[PDB]
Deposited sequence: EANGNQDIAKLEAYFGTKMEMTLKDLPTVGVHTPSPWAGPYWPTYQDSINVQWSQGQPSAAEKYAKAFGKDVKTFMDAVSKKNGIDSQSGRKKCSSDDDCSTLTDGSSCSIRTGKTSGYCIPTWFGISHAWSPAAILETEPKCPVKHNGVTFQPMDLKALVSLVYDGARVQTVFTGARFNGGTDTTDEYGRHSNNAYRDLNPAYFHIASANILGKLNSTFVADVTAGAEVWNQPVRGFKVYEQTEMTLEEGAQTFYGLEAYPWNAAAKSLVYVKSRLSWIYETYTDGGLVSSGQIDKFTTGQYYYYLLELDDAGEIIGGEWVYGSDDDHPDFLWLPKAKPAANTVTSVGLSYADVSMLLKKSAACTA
């Protein structure tokens, strides 16, 4: 099926350069360095960043309140009202997980720390859309930082900066079912030619999942005549999906992204980031014209249902002194992030 130049335009505007469209001139491997860092999606059902990810240790929220002179009870309540358990007051009230058995959305009874009853919240609700761009744009916290008597773990800082990105306006280049021609062209140009990366939805199911991409590799390119492709993949004597298509190329490629973890420390500088890098193969026919330029594509081999819904890039970090509606100052968080990365 033919390729829409609408999404390519958005990219060409942002990068200030034309996209490479000739398949033979595209790179077959592109890795983004440094890798985006691993971190959790700070689920809503666990009360966002109010969660004690470390046993016995105060939450990242509580640590932020203590350090920067805010009331713990009210700051954590603010976190919960916007992003945590209290943000779902309208959902079915519960005391145990037995109560939520009526629903069919994947709910789990969610009770705040100190409280006795809560609400039935789906466990996938979170801030993956906020962590992903932070993983890319923000240098990973490496080692602990003490500020006003409280120690912030690299993981605590990952929590704080993630919620900042949720609360702040982050400018995006949003693009996207998704044409495999576009997928290949975007992935090869951004990861390969432009020393950059993006955020992808890798589920293609009901729920939305955001992961920062680490790399893209082409594992196979196999030229095919229109007649060869049509028979092999559709059982047809002629290729129906694009009148303008002159020849075909079967491509098998792998996208590589970072997944969630609560593991503390600077995972990227450790080389430990490899443990939290996963991926998926994608199979597609690319449509070529006479000049060997990609003009379209078709998904094959069950990548028909299982392919990324959209691709987006964060244009830049949030503005220097932004304060979230939860009371989270990006100025305060940036200060701690700089010390964590430089190890002071």
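- According to the record, the deposited residues with no C-alpha atom in the structure span 177-198, 367.
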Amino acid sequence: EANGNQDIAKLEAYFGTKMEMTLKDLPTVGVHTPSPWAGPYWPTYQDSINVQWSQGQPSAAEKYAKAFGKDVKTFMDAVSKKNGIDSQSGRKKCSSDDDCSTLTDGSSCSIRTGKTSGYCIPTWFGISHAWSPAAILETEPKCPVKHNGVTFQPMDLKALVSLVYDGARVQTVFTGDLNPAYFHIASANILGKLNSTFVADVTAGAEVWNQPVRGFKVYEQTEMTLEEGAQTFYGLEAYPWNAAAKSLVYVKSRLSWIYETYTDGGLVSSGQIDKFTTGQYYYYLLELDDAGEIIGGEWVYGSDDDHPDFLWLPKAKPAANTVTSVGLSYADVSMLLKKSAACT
From here on, numbers count along this sequence of modelled residues.
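- Taking the mean C-alpha B-factor of each stretch as recorded, 147-155 and 95-103 are not equal, and the higher mean is that of 95-103.
- On average the C-alpha atoms of 109-117 have higher B-factors than those of the other stretch, with 129-137 and 109-117 being the two compared.
- The PDB entry assigns the greatest CA B-factor among 188, 163, 204, 244 to 204.
- In the deposited entry, the Cα temperature factor of residue 237 places it in the lowest third of its chain's modelled residues.
- Looking at the C-alpha B-factors along this chain, the one for residue 32 belongs to the lowest third.
- Per the PDB record, residue ranking by Cα B-factor puts residue 182 in the lowest third of the chain.
- When the CA B factors of the chain's modelled residues are split into thirds, the value for residue 290 lands in the middle one.
- Residue 229 sits in the lowest third of its chain by CA B factor, as recorded in the PDB entry.
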